[PDB]
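Residues per chain, in single letters:
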Amino acid sequence: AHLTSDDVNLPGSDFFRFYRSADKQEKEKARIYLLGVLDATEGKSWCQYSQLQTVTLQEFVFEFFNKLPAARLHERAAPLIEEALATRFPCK
Amino acid sequence: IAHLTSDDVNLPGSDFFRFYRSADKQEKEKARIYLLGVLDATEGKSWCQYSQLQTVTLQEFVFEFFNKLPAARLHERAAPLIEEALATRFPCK
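This text gives an overview of the structure that appears in the document. Position numbers follow the written sequence of each chain, starting from 1, instead of the entry's numbering, which may differ; residues with no coordinates are not represented. Chain letters and ligand numbers both follow the written order, the letters beginning at A and the numbers at 1. Side-chain figures throughout are based on the complete set of non-hydrogen atoms in the structure, without hydrogens or water.

### Topic: the side chain of B:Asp8
- Runs of H or I in DSSP of at least four residues are treated as helices and runs of E of at least two as strands, each being numbered from the N terminus. By the secondary structure assignment, B:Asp8 is in the segment before helix 1 (13–20).
- Type-normalised accessible area, obtained with a 1.4 Å probe on protein chains alone, sets the label of each residue: buried when under 20%, exposed when over 50%, and partly exposed for intermediate values. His is not counted here, nor are the chain ends, while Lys and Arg score as positive and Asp and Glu score as negative. Between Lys or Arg on one side and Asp or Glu on the other, a salt bridge is scored when a side-chain nitrogen of the former is within 4 Å of a carboxyl oxygen of the latter. No salt bridge is formed by the buried B:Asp8; the nearest opposite charge belongs to B:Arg18, separated by 8.2 Å.
- Here the side chain of B:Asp8 touches B:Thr5 through a polar contact of 2.7 Å, landing on its backbone nitrogen.
- Sequence-distant contacts of B:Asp8, that is, excluding residues within four places in its chain, are made with A:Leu35, A:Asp39, B:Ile1 and B:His3. Pairs of N or O atoms within 3.5 Å make up the polar contacts considered here, provided that, within protein, one atom can donate a hydrogen while the other can accept it, and that residues adjacent in sequence are counted only when both atoms are side-chain atoms. Whether two residues touch is decided by their heavy atoms; if any such pair falls within 4.5 Å, the residues are in contact.

### What to know about the packing of helix 3 (residues 54–66) of chain A against helix 5 (residues 77–88) of chain A
Residues and elements named next belong to chain A.
- Two numbers describe how helix 3 lies on helix 5: the axes approach to 10 Å, and their chain directions differ by 110°. In terms of axis orientation, helix 3 runs roughly perpendicular to helix 5. Taking contact as the criterion, the partners of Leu 57, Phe 60, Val 61, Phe 64 and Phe 65 in helix 3 are, on helix 5, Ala 77, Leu 80, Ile 81, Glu 83, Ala 84, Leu 85 and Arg 88.
- Classifying every residue of the contact of helix 3 with helix 5 gives 10 nonpolar, no polar and 2 charged. Orientation is described by lines fitted to C-alpha atoms, with helices fitted over the stretch in contact, and by angles between N-to-C directions that extend from 0 to 180 degrees. Any angle that falls under 35 degrees is termed roughly parallel, while one over 145 is termed roughly antiparallel, one within 65 to 115 roughly perpendicular, and all others oblique. When residues are sorted by character, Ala, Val, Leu, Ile, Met, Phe, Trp, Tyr, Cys and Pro go into the nonpolar class, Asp, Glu, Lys and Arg into the charged class, and all the rest, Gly among them, into the polar class.

### As for the packing of helix 2 (residues 24–41) of chain A against helix 5 of chain A
All names here are of chain A.
- At their nearest, the axes of helix 2 and helix 5 sit 10 Å apart, and the two run at 60° to each other. Taken together, the axes of helix 2 and helix 5 lie oblique to each other. For the pair helix 2 and helix 5, the sense of crossing is right-handed. Contacts between helix 2 and helix 5 involve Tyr 33, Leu 34, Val 37, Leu 38 and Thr 41 on the former and, on the latter, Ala 77, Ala 78, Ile 81, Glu 82 and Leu 85.
- Residues that form the contact of helix 2 with helix 5 fall into these classes: 8 nonpolar, 1 polar and 1 charged. The sense of a crossing depends on the near helix, which, turned anticlockwise from the far helix by less than a right angle, makes the crossing left-handed and, turned clockwise, makes it right-handed.

### Topic: the nonpolar core
- Counting residues in each nonpolar core, the largest one holds 60 residues, and the members touching the most others are A:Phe15, A:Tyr33, A:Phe65, B:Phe16 and B:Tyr34.
- Once residues lying within four places of it in the same chain are set aside, the contact partners of A:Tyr33 are A:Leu3, A:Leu10, A:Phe15, A:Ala77, A:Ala78, A:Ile81, B:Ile33, B:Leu36, B:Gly37 and B:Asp40. Put simply, buried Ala, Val, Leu, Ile, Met, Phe, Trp, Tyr and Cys residues joined by side-chain atoms within 4.5 Å make one nonpolar core.

Structure follows, in structure tokens:
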């Protein structure tokens, strides 16, 4: 019910819940979490920022999580996000 | 950048560290959430690991790393700087 900076190993299912929360404060925190993940991986496992709007990255993360089975949602959020982005925008 | 928001892609070290030290507890908490996204994305991979370490120890080492950073390096991106802080201190293996 609340995303905080102690939530290490954030699971995908909680991330996605906050990410689509009716509470826009939790939505914004989930998106700032996603921002630390993107900034940490961009140009390493997926490419790139001047090729893509942040809204495009957020919508692609949304679609990716929205299609995921619960078996996979229960895994860690960050590697799932990074997987969204890698398959779709690889560096090669 | 007067407030940390999720539009802040490629957040510079200078902005991250300002928010991370802010007197506004809410800005401070957002900066710590940006940090959590970076920890989650890099843990077990460039640095190790969440068991023996509480979040606060991690947060304090990141703070000390930034405090000692030469001014020249604050233009670098916050995420790789946070990763360097943790890799040096909590190397894998």
